[PDB]
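**Student:** Here's my sequence, what's the structure:
(chains A, B, C, D, E, F, G, H and I)
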Amino acid sequence: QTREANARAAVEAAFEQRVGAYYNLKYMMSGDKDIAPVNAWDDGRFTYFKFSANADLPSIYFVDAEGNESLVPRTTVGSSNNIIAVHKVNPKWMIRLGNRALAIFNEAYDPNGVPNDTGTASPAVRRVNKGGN
Amino acid sequence: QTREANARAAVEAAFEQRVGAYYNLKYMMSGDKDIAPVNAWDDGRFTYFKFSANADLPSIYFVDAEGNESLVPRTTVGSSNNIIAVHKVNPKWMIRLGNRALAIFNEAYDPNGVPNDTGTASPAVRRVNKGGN
Amino acid sequence: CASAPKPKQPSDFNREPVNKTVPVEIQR
Amino acid sequence: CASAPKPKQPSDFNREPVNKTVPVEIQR
Amino acid sequence: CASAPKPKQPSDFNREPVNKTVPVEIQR
Amino acid sequence: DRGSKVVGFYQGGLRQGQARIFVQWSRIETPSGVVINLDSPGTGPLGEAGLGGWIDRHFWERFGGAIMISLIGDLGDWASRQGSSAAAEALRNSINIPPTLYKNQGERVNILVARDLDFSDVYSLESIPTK
Amino acid sequence: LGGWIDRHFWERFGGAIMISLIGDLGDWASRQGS
Amino acid sequence: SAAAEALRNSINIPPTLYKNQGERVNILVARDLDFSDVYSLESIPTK
Amino acid sequence: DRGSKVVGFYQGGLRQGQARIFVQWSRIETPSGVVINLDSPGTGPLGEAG
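**Tutor:** Numbering: from 1, shown residues only, chains lettered A, B, ... in the order given. Shown next is the structure:
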């Protein structure tokens, strides 16, 4: 019971560390600017769209090379739930809210990115196989 | 049990205390002035419409950038139930009662707003995760 | 050929301030 | 003869940076 | 008359090496 | 909170003359992990029951067999006369095709809460000390 | 509660109207053989 | 009528769908998937 | 993980007027050996049922 609590504390410390990361800020937008984020970046693993306090949180879609949109998994982070973090780095993004649309462009797309050798969202936490078997 | 009653007393005090709010009063109207409020303002988080004592309370709708109306949740506050608090700040509203319609305009719209870091309607009270799990 | 009508749209001509005096819930 | 309409395609004319400032989440 | 369409055939014009660099899994 | 994932389902399809599908929203998950079973009706942006979009009434699938059968019969009669019912069966067999509704991604909808939702076991309030 | 009523005139009668008209037009063309 | 007979006996042939290989699809997770028995997390020591 | 293999099935065929078939995905298999029974619907790239 004790060594597991220690491991949990270490894991939370390591996740909250968030050290040695590089941020891409070269994002452009064009479309219905009234649903635009106030900030968009990515750290090579996830893409973050930050929205103001009065803005409705829109739906965000993944655009491929031919222009077809597709769903991408999402998590809402931030102190006020103001940041939509999508789990992919992409060159183009689609934001929709009702009958408005805004296109977000990644102007520094890195086709390689950082490999996920650990199985978590952090390089300092390892996902290990408990199930054995 | 003692700390819970103390917590409840402090929470009521902090909700009533009401410090540090800015008020927008730059609101204009056009349409059927018979169903009009006597006063409209907002505190950055909610929008308030005061109606007189001899006035029927109308229905209020959210108007988006394209003209479409949609429902918004509503609270009726004030000592004599004369104030309608909608839970949103928006540049345009629509007041409808029967076949009369009135457009309300926020002439000082603040797209940023003020973030909700606490989970409550006041910065002096915090919503905390009791359920654990 | 016929679709449901729309609710009345208010005229956009007689635009005037809502507030002719400051509310007292603002403590003023 | 008719198919379901696509959603609105945004116009590619008013292209501008998203970031007017630097987010505080970047610690900047 | 109408049959099931075939998937897109890749072009044969822009033929180029896959391996710009030697993979590291070759231990090279 | 905002950004909470609501999950729902529909079934049964449309009937002739209908342009809205009943959608039931089943559960919502808050970004902080709160989960509540709301079994509520899904409505449009102004609370009209069902989700509605663009309707495909399948005109050609319903009527083209009968139309073509009639045209072939009439052209055959024209040719035979120029020497010097199947249509009703096709219609009977392909007339009852229910419509299909298409609704785009990113549209606004409402959930009208059908039951009281109680959050007393997962939240509590604490006053924030000043200064 | 009452409001505006869509009676679905076309969804109810257009199939019959169109079938009748196409039958009549085909008949007219077949008559126009000579 | 022979033509009406043939139509009556061959008019209901359900359609066939062809989807090519390599196309993109989703899976909408219908239930909560619990991974607590097969993984665990540990902190990687610095350096 | 990525590269996990999902297995599903369809049945029943189509009706007239239908252009989508219902697919149920049944089990996914992680490249490290984790099998979980997700009996979920298979949709299109944007969530269209079937």
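**Student:** and the residue of chain C nearest chain H?
**Tutor:** Of all residues in chain C, residue C:1 sits closest to chain H, at 32.1 Å by CB to the nearest CB. All C-beta spots, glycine's among them, are computed from the backbone N, C-alpha and C.
**Student:** Reduced to three states, what does the nearest residue to that residue once chain neighbours are set aside come out as?
**Tutor:** Of all residues not flanking residue C:1 in the chain, residue G:10 sits nearest, at 7.2 Å (CB to CB, 6 or more residues apart in numbering or on different chains). With DSSP: H, G, I helix; E, B strand; the rest coil as the basis, residue G:10 sits in helix.
**Student:** Near the residue of chain C closest to chain H, how many other residues are there?
**Tutor:** 4 (other CB atoms under 10 Å in any protein chain shown).
**Student:** just residue F:38 next, same as before
**Tutor:** Residue neighbour count, defined by other CB under 10 Å, stands at 17 for residue F:38.
**Student:** same question, residue A:38
**Tutor:** Residue A:38: 18 neighbours (other CB under 10 Å).
**Student:** Spit out the contact partners of it.
**Tutor:** A:50-52, A:55, B:112, D:20 (CB atoms under 8 Å, 6 or more residues apart in numbering or on different chains).
**Student:** Which of these are buried? Put it as a PyMOL command.
**Tutor:** PyMOL command restricting the contacts of residue A:38 to the buried ones, with burial defined by 16 or more other CB atoms under 10 Å in any protein chain shown:
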select buried, chain A and resi 50+51+52+55
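**Student:** which among the contacts of residue A:38 gets closest to chain C?
**Tutor:** Using CB to the nearest CB, the contacts of residue A:38 come closest to chain C at residue B:112, 21.5 Å.
**Student:** Report whether residue A:16 is found in a helix, as I expect.
**Tutor:** Yes. Under three-state DSSP, residue A:16 falls within a helix.
**Student:** Residue A:7 contacts residue H:41, correct?
**Tutor:** Yes. With contacts counted by CB atoms under 8 Å, residue A:7 reaches residue H:41, the gap being 7.4 Å.
**Student:** isn't residue F:4 right next to residue F:30, touching?
**Tutor:** Yes. Using CB under 8 Å, residue F:4 is in contact with residue F:30, at 4.9 Å.
**Student:** For chain A, what lies in contact range of chain E?
**Tutor:** Residues of chain A lying near chain E by CB under 8 Å from any CB of the partner chain: none.
**Student:** Show me where chain A has its helices.
**Tutor:** A:2-17 (DSSP state H).
**Student:** Around chain F, pick out the residues from it.
**Tutor:** Residues of chain A lying near chain F (CB under 8 Å from any CB): A:56-59, A:61, A:69, A:74-77, A:81, A:84, A:96-99, A:101.
**Student:** what about the residue of chain A found nearest chain E, neighbour count?
**Tutor:** Ranking the residues of chain A by distance to chain E (CB to the nearest CB) places residue A:66 first, at 10.2 Å. Other residues near residue A:66 number 5, with proximity taken as other CB under 10 Å.
**Student:** Buried ones only from the residues of chain A next to chain F, please, as a PyMOL command.
**Tutor:** Remark: buried members of the residues of chain A next to chain F, expressed as a PyMOL selection using 16+ other CB under 10 Å:
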select buried, chain A and resi 57+58+59+61+69+74+76+81+84+96+97+98+99+101
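**Student:** From the residues of chain A next to chain F, which land in strands?
**Tutor:** A:59, A:61, A:69, A:74-77, A:84, A:96-97, A:101 (DSSP state E).
**Student:** Looking at those residues, spot the one nearest residue B:33.
**Tutor:** Nearest to residue B:33 out of these is residue A:97 (CB to CB; 32.3 Å).
**Student:** shouldn't residue F:102 be in contact with residue F:51?
**Tutor:** No. In this structure, residue F:102 is not within contact of residue F:51 by CB under 8 Å, at 10.7 Å.
**Student:** out of these two, which sits in the more crowded spot?
**Tutor:** residue F:51 (19 against 12).
**Student:** Report the beta-bridge partners for the more buried one.
**Tutor:** Under DSSP bridges, the beta-bridge partners of residue F:51 are residue F:21.
**Student:** Would you mind confirming that it makes contact with residue F:44?
**Tutor:** Yes. Using CB under 8 Å, residue F:51 makes contact with residue F:44 at a distance of 6.7 Å.
**Student:** can you list the ones in strands among the residues of chain A next to chain F in CSV and add distance to chain H?
**Tutor:** Output for these, formatted as CSV (distance: CB to the nearest CB, whole Å):
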residue, distance to chain H
A:59, 15
A:61, 12
A:69, 11
A:74, 13
A:75, 14
A:76, 18
A:77, 19
A:84, 19
A:96, 17
A:97, 21
A:101, 21
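**Student:** Closest one of these to residue B:107?
**Tutor:** residue A:97 (23.5 Å).
**Student:** Contact residues of chain A facing chain H?
**Tutor:** Residues of chain A found near chain H (CB under 8 Å from any CB) are A:7, A:10-11, A:13-14, A:70-71, A:118-120, A:123-131.
**Student:** Show me which of these are buried.
**Tutor:** Buried, going by 16+ other CB under 10 Å: A:10-11, A:14, A:70-71, A:120, A:123-127, out of these.
**Student:** Just flag the most distant two among those.
**Tutor:** A:10 and A:70 (37.3 Å).
**Student:** Show me what the closest residue to residue A:119 other than its chain neighbours is bridged to.
**Tutor:** Nearest residue to residue A:119 in three dimensions, chain neighbours excluded: residue A:127, at 3.0 Å (CB to CB, 6+ apart). For residue A:127, the beta-bridge partners are residue H:41 (DSSP bridges).
**Student:** closest point of chain A to chain B, which residue?
**Tutor:** residue A:53 (3.3 Å).
**Student:** Count the residues that sit near that residue.
**Tutor:** 18.
**Student:** before we move on, what about the one 10 residues further on?
**Tutor:** Burial of residue A:63, expressed as a neighbour count using other CB under 10 Å, amounts to 18.
**Student:** Residue I:47 versus the nearest residue to it once chain neighbours are set aside, what's the distance?
**Tutor:** By the measure of CB to CB, 6+ apart, the closest residue to residue A:63 outside its immediate chain neighbours is residue A:92, 4.1 Å from it. Noted for residue A:92: a distance of 19 Å to residue I:47, by CB to CB, to the nearest Å.
**Student:** ok, now residue A:83?
**Tutor:** 23 Å.
**Student:** Let me see the contact set for the spatially most central residue of chain F.
**Tutor:** The centroid of chain F falls nearest to residue F:21 when counting by CA atoms, centre = their mean (3.7 Å). Residue F:21 sits next to F:10, F:12-14, F:50-52, F:101 when contact means CB under 8 Å, 6+ apart.
**Student:** Go ahead and confirm residue F:29 touches residue F:3.
**Tutor:** No. Between residue F:29 and residue F:3 there is no contact under CB under 8 Å: 10.1 Å.
**Student:** Quick check on these two: which one has the bigger neighbour count.
**Tutor:** Ranked by neighbour count (other CB under 10 Å), residue F:29 and residue F:3 place residue F:3 first, with 17 against 14.
**Student:** Tell me the span between the first and last residue of stretch F:24-40.
**Tutor:** Across stretch F:24-40, the terminal residues are separated by 6 Å (CA to CA, to the nearest Å).
**Student:** Show me the residue sitting in the middle of chain C in space.
**Tutor:** Most central in chain C (CA atoms, centre = their mean) works out to residue C:10, at 7.7 Å.
**Student:** any idea which helix or strand carries it?
**Tutor:** For residue C:10, there is no host helix or strand (DSSP states H and E).
**Student:** Quick check on it: phi, psi?
**Tutor:** Main-chain torsions, residue C:10, degrees, to the nearest 10: phi -70, psi 150.
**Student:** For burial, what's the neighbour tally of the residue nearest to it when sequence neighbours are not counted?
**Tutor:** Leaving aside its chain neighbours, residue C:10 sits nearest to residue B:31 (2.7 Å; criterion: CB to CB, 6+ apart). Residue B:31 has 23 neighbours, counted by other CB under 10 Å.
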